[PDB]
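Student:
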Amino acid sequence: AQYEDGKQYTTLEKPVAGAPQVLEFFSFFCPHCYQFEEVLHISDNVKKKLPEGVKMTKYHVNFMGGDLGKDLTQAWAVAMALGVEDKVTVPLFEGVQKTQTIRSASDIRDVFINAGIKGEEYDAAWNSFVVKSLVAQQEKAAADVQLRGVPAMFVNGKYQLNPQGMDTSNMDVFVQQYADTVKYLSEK
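Positions 1220 to 1407 (this note's numbering) are the ones given, in order, by the sequence shown.
1) Report all residues from its chain with a CB closer than 6 Å to the CB of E1243; omit the five preceding and five following residues, and keep chain order.
2) Short of 6 Å in beta carbon distance, which residues of its chain neighbour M1275, apart from the five on each side in sequence? Order them along the chain.
3) Taking the alpha helix (DSSP H) that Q1293 belongs to, which residues open and close that run?
4) With DSSP run on the structure shown, which of helix, strand or coil describes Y1341?
5) Between which two residues does the beta strand (DSSP E) holding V1241 run?
6) Pick helix, strand or coil for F1282, following the three-state DSSP scheme.
7) Count the other CB atoms within 10 Å of the CB of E1256; is the residue buried (16 or more) or exposed (fewer)?
8) Which residue wins for smallest C-alpha separation from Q1356, given the options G1237, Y1403, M1283 and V1315?
9) From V1350 to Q1395, what does the alpha carbon distance come to, in whole angstroms?
10) Take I1261 as the anchor and find which of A1294, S1405, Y1403 and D1399 has the nearest alpha-carbon.
11) Here's the rule: buried if 16 or more other CB atoms are within 10 angstroms of the residue's CB, otherwise exposed. What is residue 1187?
12) Have a look at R1328, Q1227, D1386 and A1360 and flag the residue whose alpha-carbon is nearest the alpha-carbon of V1303.
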């Protein structure tokens, strides 16, 4: 057929109960994740095609970048708690990978300060238990899908996007296929 198990996607042998409908994993340290988000705009193309009643969830991962990697997961939790994901994603990517001016938790905070988030507001989220559980949620989700690498995307806790079984030349054919495959899986 047009969409095939083992081709554009794979099936988790152990489906995840109560998972987000569309769940993406990434790291701000991840060069491929920079490409996915900042050059290919995969998230944005996926959401442009999602059915009504389907939201996209995006989680950060700890395993790249050591202590800073975990700082970034906690800051992403702060972004989710504050609802400012769409203001910090680009300067976090660019600060870690382009300018490389993000080298400590304080440098991360600066990005939020510069983006209009009050310091008091950021610090209260940073030290909150609400943010601590948001960190734990992200870690739990990674365990639940038995995550091996990033970027990755899972649909309805049952299917894993398989970009290596897709076409690679035209970034745009590749991106459209990725997005089309997510939509297909969402209704499956």
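Backbone N, C-alpha and C define an ideal beta-carbon position, used for all residues, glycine too.
Tutor: For this structure:
1) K1277 and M1372
2) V1241 and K1266
3) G1285 to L1301
4) helix
5) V1241 to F1245
6) coil
7) buried
8) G1237
9) 34 Å
10) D1399
11) As shown, the chain starts at 1220 and ends at 1407. That puts residue 1187 outside it, with no answer to give.
12) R1328
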